[PDB]
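Here's the structure, in structure tokens; my notes come after.
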Amino acid sequence: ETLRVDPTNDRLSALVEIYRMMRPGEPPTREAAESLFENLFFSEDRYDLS
Amino acid sequence: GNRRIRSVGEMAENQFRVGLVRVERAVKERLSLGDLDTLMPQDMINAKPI
Amino acid sequence: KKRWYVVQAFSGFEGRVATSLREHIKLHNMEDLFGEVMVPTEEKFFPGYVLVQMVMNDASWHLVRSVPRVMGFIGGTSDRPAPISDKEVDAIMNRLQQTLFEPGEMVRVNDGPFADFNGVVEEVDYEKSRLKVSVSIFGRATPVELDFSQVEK
DNA sequence: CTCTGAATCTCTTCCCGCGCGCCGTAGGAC
DNA sequence: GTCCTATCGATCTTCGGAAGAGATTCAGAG
């Protein structure tokens with residue numbers, strides 16, 4: 001059912017949609033969508049489970 | 001079983017971490033642009049944020 | 001062809017903005033993408049706006065915003081910041097290359113121990129490039145002479 | 001192709017006094 | 001030291017409100 005609602009296609013599409021909804025007014029870029037996604041939940045500077 | 005107690009030795013630690021994060025933010029740029037030769041570690045950091 | 005682009009910058013930190021861009025261009029070895037960065041100043045035309053000779057690549061678009069004290073460029077849309085103009089650059093370069101104390105007027109002083117006091121012009125020290133303005137000291141409001149730099153009109 | 005449904009958006013609102021007590025422009029250039 | 005200018009013009013301002021009301025969009029709906 002989520003697949004039926006999904007308007008995105010693949011990893012590039014995923015990063016574009018994530019960047020657009022996360023940062024309105026900021027253009028997506030392949031090298032920068034990673035800088036956002038990794039910092040979201042995988043980068044120590046902005047994620048740390050005690 | 002889902003709520004835990006933070007005490008002085010943890011909140012103070014977090015505040016110190018915030019201060020150190022600000023200090024790192026400043027001194028990373030200072031070291032990137034500094035000549036690294038005449039600089040001494042006292043020059044790199046200033047106590048004021050912490 | 002490297003069109004000029006206008007960037008917002010921390011007022012008072014504008015020179016540091018230009019320098020921080022100059023370092024980052026070389027460090028990221030994008031020297032082939034930036035021609036010059038202008039901060040015009042008189043004895044400052046643009047109070048808080050930095051002109052950068054640049055091309056439009058996404059790497060450069062993020063590079064400029066990766067310089068400290070830089071929000072970004074000023075343009076129609078954030079996806080594509082716009083250059084200024086053909087003649088606008090020429091006019092800015094043209095400028096970058098290129099009052100009498102009336103007797104009786106009530107003035108304020110600009111410096112000294114008597115700085116910013118309610119004085120009134122009393123006479124004309126004109127050909128001296130000087131001044132003399134009455135002020136209200138110890139009841140004997142004294143005939144008091146000032147430098148020409150001490151006017152506030 | 002819009003109309004006249006819902007559905008999903010932002011905004012407004014939340015008792016009365018009374019006392020303690022602190023705490024209250026900032027960084028940068030000459 | 002004084003006095004200045006400017007105010008995330010490279011962050012992330014908090015996630016432990018509820019509701020109630022409109023206002024604004026959409027969606028089969030003919």
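The way I read the labels, and the way they are meant: chains A, B, ... in the order of the structure tokens, residue 1 as the first residue of every chain, and ligand 1 as the first ligand shown, with later ones counted on from there.
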
At a cut-off of 12 Å, which residues of chain D touch chain C? Count only C-alpha atoms (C1' of nucleotides) and give the answer as a list in words. residues 27, 28 and 29 of chain D

Chain C residues near chain B (9 Å cut-off, only C-alpha atoms) as a PyMOL selection string: chain C and resi 20+23+68

May I have the residues within 10 Å of residue A:12 as a PyMOL selection string, using only C-alpha atoms (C1' of nucleotides) and disregarding those fewer than 3 positions away in the same chain? chain A and resi 8-9+15-18+28-30+33

File of the preceding selection, N, CA and C atoms, as a PDB file, in the first residue's frame:
ATOM      1  N   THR A   8       8.064   8.210  -5.717  1.00  0.00           N
ATOM      2  CA  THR A   8       9.481   8.133  -6.037  1.00  0.00           C
ATOM      3  C   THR A   8       9.810   6.802  -6.703  1.00  0.00           C
ATOM      4  N   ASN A   9      10.970   6.766  -7.358  1.00  0.00           N
ATOM      5  CA  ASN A   9      11.368   5.632  -8.180  1.00  0.00           C
ATOM      6  C   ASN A   9      12.570   4.887  -7.614  1.00  0.00           C
ATOM      7  N   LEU A  15      16.535  10.512  -2.717  1.00  0.00           N
ATOM      8  CA  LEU A  15      17.321  11.621  -2.195  1.00  0.00           C
ATOM      9  C   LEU A  15      16.721  12.955  -2.607  1.00  0.00           C
ATOM     10  N   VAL A  16      16.232  13.057  -3.844  1.00  0.00           N
ATOM     11  CA  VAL A  16      15.632  14.311  -4.292  1.00  0.00           C
ATOM     12  C   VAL A  16      14.409  14.647  -3.449  1.00  0.00           C
ATOM     13  N   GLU A  17      13.528  13.663  -3.239  1.00  0.00           N
ATOM     14  CA  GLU A  17      12.321  13.922  -2.459  1.00  0.00           C
ATOM     15  C   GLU A  17      12.655  14.258  -1.014  1.00  0.00           C
ATOM     16  N   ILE A  18      13.616  13.535  -0.428  1.00  0.00           N
ATOM     17  CA  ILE A  18      14.008  13.791   0.954  1.00  0.00           C
ATOM     18  C   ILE A  18      14.581  15.193   1.090  1.00  0.00           C
ATOM     19  N   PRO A  28      18.300  20.154  -4.678  1.00  0.00           N
ATOM     20  CA  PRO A  28      18.974  18.874  -4.454  1.00  0.00           C
ATOM     21  C   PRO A  28      20.207  18.729  -5.329  1.00  0.00           C
ATOM     22  N   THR A  29      21.137  17.904  -4.860  1.00  0.00           N
ATOM     23  CA  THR A  29      22.328  17.555  -5.618  1.00  0.00           C
ATOM     24  C   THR A  29      22.824  16.209  -5.112  1.00  0.00           C
ATOM     25  N   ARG A  30      23.330  15.385  -6.031  1.00  0.00           N
ATOM     26  CA  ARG A  30      23.752  14.034  -5.673  1.00  0.00           C
ATOM     27  C   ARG A  30      24.803  14.058  -4.574  1.00  0.00           C
ATOM     28  N   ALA A  33      22.767  15.617  -1.312  1.00  0.00           N
ATOM     29  CA  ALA A  33      21.712  14.827  -0.699  1.00  0.00           C
ATOM     30  C   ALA A  33      22.292  13.759   0.215  1.00  0.00           C
TER      31      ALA A  33
END

Once you count only C-alpha atoms, which residues of chain B turn out to be within 12 Å of chain A? Could you give them as number ranges by chain? B: 10, 17-18, 21, 24-25

Using the selection just defined, write its residues with N, CA and C atoms as a PDB file, in the first residue's frame.
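File out-v7.pdb, as written:
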ATOM      1  N   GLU B  10      25.391  14.697  34.377  1.00  0.00           N
ATOM      2  CA  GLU B  10      25.053  14.462  32.982  1.00  0.00           C
ATOM      3  C   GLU B  10      24.616  15.724  32.263  1.00  0.00           C
ATOM      4  N   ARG B  17      29.694  19.760  26.567  1.00  0.00           N
ATOM      5  CA  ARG B  17      29.814  19.278  25.198  1.00  0.00           C
ATOM      6  C   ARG B  17      29.349  20.329  24.204  1.00  0.00           C
ATOM      7  N   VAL B  18      28.266  21.037  24.523  1.00  0.00           N
ATOM      8  CA  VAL B  18      27.786  22.097  23.635  1.00  0.00           C
ATOM      9  C   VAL B  18      28.847  23.181  23.492  1.00  0.00           C
ATOM     10  N   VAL B  21      31.566  21.926  21.309  1.00  0.00           N
ATOM     11  CA  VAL B  21      31.155  21.887  19.910  1.00  0.00           C
ATOM     12  C   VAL B  21      31.292  23.266  19.282  1.00  0.00           C
ATOM     13  N   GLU B  24      35.030  23.902  18.802  1.00  0.00           N
ATOM     14  CA  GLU B  24      35.509  23.161  17.642  1.00  0.00           C
ATOM     15  C   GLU B  24      35.070  23.827  16.348  1.00  0.00           C
ATOM     16  N   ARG B  25      33.820  24.287  16.289  1.00  0.00           N
ATOM     17  CA  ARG B  25      33.339  24.980  15.100  1.00  0.00           C
ATOM     18  C   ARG B  25      34.235  26.159  14.757  1.00  0.00           C
TER      19      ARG B  25
END

Residue C:16 environment, 12 Å, only C-alpha atoms (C1' of nucleotides), sequence neighbours closer than 6 positions dropped, as a JSON list (two decimals) with N, CA, C and O atoms, in the first residue's frame:
[["chain", "number", "residue", "atom", "x", "y", "z"],
["B", 33, "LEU", "N", 42.45, 28.03, 8.05],
["B", 33, "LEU", "CA", 43.01, 29.26, 7.51],
["B", 33, "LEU", "C", 44.30, 29.69, 8.19],
["B", 33, "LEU", "O", 45.04, 30.49, 7.62],
["C", 9, "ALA", "N", 26.31, 38.88, 2.79],
["C", 9, "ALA", "CA", 27.44, 38.70, 3.69],
["C", 9, "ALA", "C", 27.19, 39.45, 4.99],
["C", 9, "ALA", "O", 26.55, 40.50, 5.00],
["C", 10, "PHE", "N", 27.72, 38.89, 6.08],
["C", 10, "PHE", "CA", 27.64, 39.52, 7.39],
["C", 10, "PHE", "C", 28.20, 40.93, 7.36],
["C", 10, "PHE", "O", 29.40, 41.13, 7.13],
["C", 22, "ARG", "N", 38.35, 33.64, -0.96],
["C", 22, "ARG", "CA", 39.61, 33.55, -1.69],
["C", 22, "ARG", "C", 40.39, 32.31, -1.28],
["C", 22, "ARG", "O", 40.97, 31.63, -2.13],
["C", 23, "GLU", "N", 40.42, 32.01, 0.01],
["C", 23, "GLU", "CA", 41.10, 30.80, 0.46],
["C", 23, "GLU", "C", 40.41, 29.55, -0.07],
["C", 23, "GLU", "O", 41.07, 28.63, -0.59],
["C", 37, "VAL", "N", 36.61, 38.83, -6.83],
["C", 37, "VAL", "CA", 35.57, 39.11, -5.85],
["C", 37, "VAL", "C", 35.71, 40.58, -5.44],
["C", 37, "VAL", "O", 36.78, 41.00, -4.99],
["C", 39, "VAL", "N", 34.70, 44.02, -3.34],
["C", 39, "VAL", "CA", 34.10, 44.71, -2.20],
["C", 39, "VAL", "C", 34.42, 46.19, -2.36],
["C", 39, "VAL", "O", 35.38, 46.68, -1.75],
["C", 48, "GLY", "N", 27.12, 45.50, 2.69],
["C", 48, "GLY", "CA", 26.79, 44.13, 3.02],
["C", 48, "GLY", "C", 26.51, 43.21, 1.85],
["C", 48, "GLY", "O", 25.85, 42.19, 2.05],
["C", 50, "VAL", "N", 28.47, 41.26, -1.54],
["C", 50, "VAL", "CA", 29.77, 40.92, -2.10],
["C", 50, "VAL", "C", 29.56, 40.49, -3.54],
["C", 50, "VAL", "O", 28.76, 39.60, -3.82],
["C", 67, "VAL", "N", 31.44, 28.88, 2.25],
["C", 67, "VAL", "CA", 32.30, 29.90, 2.83],
["C", 67, "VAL", "C", 31.59, 30.45, 4.06],
["C", 67, "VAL", "O", 30.36, 30.63, 4.03],
["C", 68, "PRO", "N", 32.29, 30.70, 5.16],
["C", 68, "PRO", "CA", 31.62, 31.24, 6.35],
["C", 68, "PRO", "C", 31.05, 32.62, 6.10],
["C", 68, "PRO", "O", 31.52, 33.36, 5.23],
["C", 69, "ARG", "N", 30.02, 32.96, 6.87],
["C", 69, "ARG", "CA", 29.37, 34.27, 6.81],
["C", 69, "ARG", "C", 28.78, 34.54, 5.43],
["C", 69, "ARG", "O", 28.85, 35.65, 4.91],
["C", 70, "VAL", "N", 28.18, 33.51, 4.85],
["C", 70, "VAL", "CA", 27.57, 33.58, 3.52],
["C", 70, "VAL", "C", 26.27, 32.79, 3.56],
["C", 70, "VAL", "O", 26.29, 31.56, 3.65]]

Tell me the residues of chain A close to chain C, meaning within 8 Å using only C-alpha atoms, as a VMD selection string. chain A and resid 25 to 27 29

Enumerate the residues of stretch 1-148 of chain C with a DSSP assignment of alpha helix (DSSP H), computed from the backbone, and present them as a ChimeraX atom specification. /C:14-27,58-65,86-97

From the set B:38, B:45, B:13, B:22, which residue has the shortest atom-to-atom contact distance to chain E, counting only C-alpha atoms (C1' of nucleotides)? B:22

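If you count only C-alpha atoms (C1' of nucleotides) and ignore residues fewer than 5 places along the chain from residue C:4, what sits within 12 Å of it is residues 33, 34, 35, 36, 37, 38, 50, 51, 52, 53, 54, 55, 56, 73, 74, 75, 81, 82, 83, 84, 85, 86, 87, 88, 89, 90, 92 and 93 of chain C.
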
Write out, as a short mmCIF file (atom, residue, chain, number, x, y, z; two decimals), in the first residue's frame, the residues just selected, with N, CA, C and O atoms.
data_model
loop_
_atom_site.label_atom_id
_atom_site.label_comp_id
_atom_site.auth_asym_id
_atom_site.auth_seq_id
_atom_site.Cartn_x
_atom_site.Cartn_y
_atom_site.Cartn_z
N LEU C 33 37.18 28.56 -11.83
CA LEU C 33 35.77 28.92 -11.76
C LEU C 33 35.52 30.32 -11.23
O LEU C 33 34.40 30.82 -11.38
N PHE C 34 36.52 30.97 -10.63
CA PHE C 34 36.34 32.28 -10.01
C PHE C 34 37.37 33.24 -10.58
O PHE C 34 38.57 32.95 -10.58
N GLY C 35 36.90 34.39 -11.05
CA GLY C 35 37.81 35.39 -11.58
C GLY C 35 38.23 36.41 -10.56
O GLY C 35 39.43 36.60 -10.32
N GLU C 36 37.26 37.07 -9.93
CA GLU C 36 37.54 38.09 -8.93
C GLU C 36 36.37 38.17 -7.96
O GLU C 36 35.28 37.64 -8.21
N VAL C 37 36.61 38.83 -6.83
CA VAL C 37 35.57 39.11 -5.85
C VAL C 37 35.71 40.58 -5.44
O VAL C 37 36.78 41.00 -4.99
N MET C 38 34.65 41.35 -5.61
CA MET C 38 34.70 42.79 -5.43
C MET C 38 34.02 43.19 -4.12
O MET C 38 32.90 42.75 -3.84
N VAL C 50 28.47 41.26 -1.54
CA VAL C 50 29.77 40.92 -2.10
C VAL C 50 29.56 40.49 -3.54
O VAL C 50 28.76 39.60 -3.82
N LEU C 51 30.29 41.12 -4.46
CA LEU C 51 30.24 40.75 -5.87
C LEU C 51 31.36 39.77 -6.17
O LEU C 51 32.52 40.04 -5.87
N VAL C 52 31.01 38.63 -6.77
CA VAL C 52 31.97 37.57 -7.06
C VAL C 52 31.89 37.23 -8.54
O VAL C 52 30.81 36.92 -9.05
N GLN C 53 33.02 37.29 -9.22
CA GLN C 53 33.10 36.85 -10.62
C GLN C 53 33.15 35.33 -10.64
O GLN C 53 34.08 34.73 -10.10
N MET C 54 32.14 34.70 -11.25
CA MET C 54 31.94 33.27 -11.06
C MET C 54 31.21 32.70 -12.27
O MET C 54 30.68 33.43 -13.11
N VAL C 55 31.21 31.38 -12.35
CA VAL C 55 30.36 30.65 -13.27
C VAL C 55 29.32 29.92 -12.44
O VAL C 55 29.37 29.95 -11.20
N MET C 56 28.37 29.25 -13.09
CA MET C 56 27.26 28.61 -12.39
C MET C 56 27.37 27.09 -12.54
O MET C 56 26.88 26.50 -13.50
N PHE C 73 23.47 33.63 -2.61
CA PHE C 73 23.37 34.69 -3.60
C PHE C 73 21.99 35.34 -3.56
O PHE C 73 21.06 34.84 -2.93
N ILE C 74 21.88 36.47 -4.24
CA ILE C 74 20.62 37.17 -4.42
C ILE C 74 20.21 37.01 -5.88
O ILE C 74 20.91 37.48 -6.78
N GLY C 75 19.07 36.36 -6.11
CA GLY C 75 18.61 36.12 -7.46
C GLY C 75 17.13 35.79 -7.45
O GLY C 75 16.48 35.78 -6.40
N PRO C 81 20.69 31.32 -9.00
CA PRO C 81 20.96 32.74 -8.76
C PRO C 81 21.37 33.42 -10.06
O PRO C 81 21.99 32.82 -10.94
N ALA C 82 21.01 34.69 -10.17
CA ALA C 82 21.20 35.35 -11.45
C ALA C 82 22.37 36.33 -11.40
O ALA C 82 22.69 36.87 -10.34
N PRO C 83 23.02 36.57 -12.53
CA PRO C 83 24.04 37.62 -12.58
C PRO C 83 23.42 39.00 -12.43
O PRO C 83 22.21 39.11 -12.24
N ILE C 84 24.22 40.06 -12.52
CA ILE C 84 23.66 41.39 -12.33
C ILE C 84 23.18 41.95 -13.66
O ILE C 84 21.98 42.10 -13.88
N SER C 85 24.12 42.23 -14.56
CA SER C 85 23.82 42.75 -15.90
C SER C 85 25.13 42.94 -16.63
O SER C 85 26.22 42.77 -16.07
N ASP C 86 25.02 43.30 -17.91
CA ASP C 86 26.19 43.73 -18.66
C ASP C 86 26.65 45.11 -18.20
O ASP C 86 27.80 45.29 -17.80
N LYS C 87 25.75 46.09 -18.24
CA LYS C 87 26.12 47.47 -17.93
C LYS C 87 26.27 47.69 -16.43
O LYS C 87 26.93 48.65 -16.02
N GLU C 88 25.65 46.86 -15.59
CA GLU C 88 25.76 47.06 -14.15
C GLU C 88 27.19 46.85 -13.68
O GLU C 88 27.71 47.63 -12.87
N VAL C 89 27.86 45.81 -14.19
CA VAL C 89 29.26 45.60 -13.85
C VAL C 89 30.09 46.79 -14.29
O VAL C 89 30.97 47.26 -13.57
N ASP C 90 29.82 47.29 -15.50
CA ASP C 90 30.58 48.41 -16.03
C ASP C 90 30.38 49.66 -15.18
O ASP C 90 31.33 50.41 -14.94
N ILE C 92 29.54 49.76 -11.94
CA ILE C 92 30.20 49.58 -10.66
C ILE C 92 31.70 49.78 -10.80
O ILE C 92 32.33 50.42 -9.96
N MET C 93 32.29 49.24 -11.88
CA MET C 93 33.70 49.47 -12.13
C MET C 93 33.99 50.94 -12.44
O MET C 93 35.05 51.46 -12.07
#
